[PDB]
Amino acid sequence: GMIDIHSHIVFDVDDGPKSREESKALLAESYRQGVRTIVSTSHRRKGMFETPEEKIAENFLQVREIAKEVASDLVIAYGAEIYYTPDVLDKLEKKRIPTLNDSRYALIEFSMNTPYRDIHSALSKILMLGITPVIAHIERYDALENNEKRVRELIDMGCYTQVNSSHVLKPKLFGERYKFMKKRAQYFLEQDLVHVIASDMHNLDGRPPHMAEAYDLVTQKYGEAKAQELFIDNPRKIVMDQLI
Ligand SMILES: [Mn+2]
Ligand SMILES: [Mn+2]
Ligand SMILES: [Mn+2]
């Protein structure tokens, strides 16, 4: 019954699945791990991911149909991962790019090196539209690294935070390629700065979901209540347009 609010499951629109078959296999693995609702958040990024909205929506509806071949109770909701450039304010205000399941929440991302002042300003402007930012993979941002302050100041302003399931996991004994991101994620969890864990799944090679492993790890380290909050209860509130 996990609810995954960050995913690249739509074929032929971004760096996610290339085909219907690949979308189906990604959905199947997500379901196998215990996920029961997935929010599609394919990339909207000026200068990198600019597939027309009409094509994303059309391919999304096909993916929702494919999900029925996986399981009758797998819920597929619409959404977007919005890389912040100033044109997105008008797109959001005019409802031309999607929020998460038509709620007040929008999934927002920045670059690794985006300065804190720019993150703060962008999020403030989005809040002024009546939209609540969910900050995508906060472990990515140099500006927030080891910085409980900064993260809390963003939260206190009205934002919520999301960390990728892959970075929740322990560093592996061999072949660890993402040690620093794991370490950042570990700090955010330890300081209780994380509202949601989501997969950011793209495929079944380099970027599969790690939702079941992350759920078990959080359960072990922080208890079942925190695990339920991060993987089920907070993401459900977002999907249902309820405040956290
Ligand atoms: Mn991507
Ligand atoms: Mn991203
Ligand atoms: Mn993503």
Next item on the list: Tell me which of these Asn146 doesn't satisfy, since it passes every other one: (1) away from ligand 3 (no atom under 15 Å from the Cβ); (2) in a helix (DSSP H, G or I).
Entry: (2)
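Looking at segment 42-51, can you tell me whether even one residue there is hydroxyl-bearing (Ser, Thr, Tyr) and under 22 Å from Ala198 (Cα atoms)? Steps first, answer last, please.
Taking segment 42-51 as the starting set, the residues that turn out to be hydroxyl-bearing (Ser, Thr, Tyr) are 42, 51.
Going one step further and asking which of them are under 22 Å from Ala198 (Cα atoms), we end up with 42.
For segment 42-51, residues hydroxyl-bearing (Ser, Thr, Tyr) and under 22 Å from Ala198 (Cα atoms): present.
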Next item on the list: Can you tell me which residue among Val35, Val10, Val39 is of a type in the set (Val, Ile, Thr), more than 15 Å from ligand 1 (Cβ to nearest atom), within 15 Å of the chain's Cα centre (by Cα) and crowded, with 17+ Cβ neighbours inside 10 Å?
Entry: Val35
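Please state which one of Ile197, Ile238 is within 16 Å of the chain's Cα centre (by Cα), closer than 22 Å to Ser42 by Cα, among the β-branched types (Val, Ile, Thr) and part of a helix (DSSP H, G or I). Spell out the reasoning first.
On the way: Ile197 fails: part of a helix (DSSP H, G or I).
Answer to the selection: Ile238.
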Check: Taking into account only those residues within segment 26-85 that are over 23 Å from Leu230 (Cα atoms) and small (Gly, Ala, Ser), which is nearest to ligand 3 (Cβ to nearest atom)?
Finding: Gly47
Next item on the list: Could you tell me which numbered condition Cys159 fails, if it satisfies all but one of (1) touching a residue at least 40 places away in the same chain (Cβ under 8 Å); (2) within 19 Å of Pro115 (Cβ to Cβ); (3) in contact with a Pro (Cβ under 6 Å, 6 or more places away or on another chain)?
Entry: (1)
Margin query: Show me the helices (runs of 4 or more DSSP H) found entirely inside segment 1-100 where at least 2 residues are more than 16 Å from ligand 2 (Cβ to nearest atom), in contact with a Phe, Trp or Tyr (Cβ under 7 Å, 6 or more places away or on another chain) and more than 16 Å from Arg207 (Cβ to Cβ).
Written below: 53-70
Next item on the list: Out of the residues in segment 86-126 that are within 16 Å of ligand 1 (Cβ to nearest atom) and not hydrophobic (A, V, I, L, M, F, W, C), state the one that is surrounded by the most Cβ atoms within 10 Å (Cβ to Cβ).
Entry: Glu109
Check: Just one of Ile76, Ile3, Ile56 is within 16 Å of ligand 1 (Cβ to nearest atom) and buried (at least 19 other Cβ atoms within 10 Å of the Cβ); which is it?
Finding: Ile56
Check: When you scan segment 149-173, how many residues do you find that are within 15 Å of ligand 2 (Cβ to nearest atom) and part of a loop (DSSP other than H, G, I, E, B)?
Finding: 0
Notebook entry, point to check: Is there a residue being hydroxyl-bearing (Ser, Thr, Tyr) and either in contact with a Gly (Cβ under 6 Å, 6 or more places away or on another chain) or surrounded by fewer than 24 Cβ atoms within 10 Å (Cβ to Cβ) (or both) anywhere in segment 216-234?
Noted result: yes
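Is it the case that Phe11 is out of contact with any helix residue (DSSP H, G or I) (no Cβ under 7 Å at 6 or more places or on another chain) and in contact (Cβ under 8 Å) with a residue 24 or more places away in the chain?
Working: out of contact with any helix residue (DSSP H, G or I) (no Cβ under 7 Å at 6 or more places or on another chain): no; in contact (Cβ under 8 Å) with a residue 24 or more places away in the chain: yes.
The answer is no for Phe11.
A quick note on method: Cβ atoms are made from the backbone with ideal geometry, for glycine too, and the neighbour counts reach across all protein chains shown. Every number in this text was worked out from the coordinates using simple rules, so none of it is lab data.
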